[PDB]
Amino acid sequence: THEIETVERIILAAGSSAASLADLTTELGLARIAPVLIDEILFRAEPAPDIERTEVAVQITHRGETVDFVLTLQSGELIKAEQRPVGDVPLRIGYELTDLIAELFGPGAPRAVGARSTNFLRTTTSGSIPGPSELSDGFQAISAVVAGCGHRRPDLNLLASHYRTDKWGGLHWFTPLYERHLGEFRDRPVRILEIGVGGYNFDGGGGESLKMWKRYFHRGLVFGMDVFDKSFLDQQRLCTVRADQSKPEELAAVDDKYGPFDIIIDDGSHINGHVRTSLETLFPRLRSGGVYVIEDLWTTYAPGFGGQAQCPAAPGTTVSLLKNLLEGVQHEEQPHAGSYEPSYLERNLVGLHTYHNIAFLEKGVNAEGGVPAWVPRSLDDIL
């Protein structure tokens, strides 16, 4: 929890004042911040290009202190980093700590120039003209690390295919919809909760969507909730929590410890009652201006999921809930006793987006007022 807190403080400083970032850099120090930034460069530079073992140095300096890391990249292998000297590495990237913190965790347009220093094959051990492979592999190696040092907008469809989540590809085509409804939050220091880590009780299974969310939300903290243990996936900005979406107390404990959440995604049991329980408990805890997403609406018709093989969808099914939420947004126009008090969902659901197998709920203040009484409601009133 102190670890998540330290990464968060760096993320927030990246988007704050110069004085705030200076205070944090002075407080934590280069030795402590550097490894967090190298961890990000490794996660973002993946995957390594199809090249022979090639070393690339990253040097971070701050107020007279400098730390050097040598990253090793090779076709089909996890990129590795080591705090080591760089004098014999002809591929080098240099950064002021303030610049690298912004490059990785800063909001706003990626910088096109001036964020770093570069040394590319200024000396070659081969001879005078560097070998073809040496030159080719060099270009690819330094380019891969540079790509991992920044926050250039990624393509969520490509990320989904790379991390192997079923949010994109033949089973579902949700990623462009996520870009539409969540893209305005990409530069924001978000806390995202996804219910359903993936992999069920299979050992070593799941986390694909969580890694995608970590990559897309460069300033985000990703939380994954599952009834089964997923602690093996825990990493920088990615925390798994063991909890049951059927139990309101367990849901509230997740929010009490890791919330509040800007975005909540239901991709869990798909059991009709669990979807409803999760929305009733977490929608009031969701940040106002946030988005609640329900994936796999098809379970509405599957008895094995507490659904009913009937259309219109049976009450207590996800499609019936979505239809009621739709009418709820119009609560102020509905016939009601003056004493009527709107439900939480009626007052706090400002937008409903329904697509195939997915719904997006926008939380906000639904209180613009019903059509005034002085508006004609009949030709009788017109006349």
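Throughout, we count residues from 1 along the sequence that is shown.
Here the stretch with the larger average CA B-factor, out of 158 to 166 and 214 to 222, is 158 to 166. Relative to its counterpart among 235 to 243 and 124 to 132, 124 to 132 has the higher mean temperature factor, C-alpha atoms as listed in the PDB entry.
Across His151, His181, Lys230, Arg111, the entry's maximum B-factor at the CA atom is seen for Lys230. For the set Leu71, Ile195, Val89, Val293, the PDB entry assigns the largest Cα B-factor to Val89. The deposited CA B-factor of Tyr340 belongs to the highest third of values across its chain.
Among all modelled residues in its chain, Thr281 ranks in the middle third by Cα B-factor.
For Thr318, the recorded CA temperature factor ranks within the middle third of the chain's modelled residues. In the deposited entry, the Cα temperature factor of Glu346 places it in the middle third of its chain's modelled residues.
In the deposited entry, the Cα temperature factor of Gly15 sits in the bottom third of values across the chain's modelled residues.
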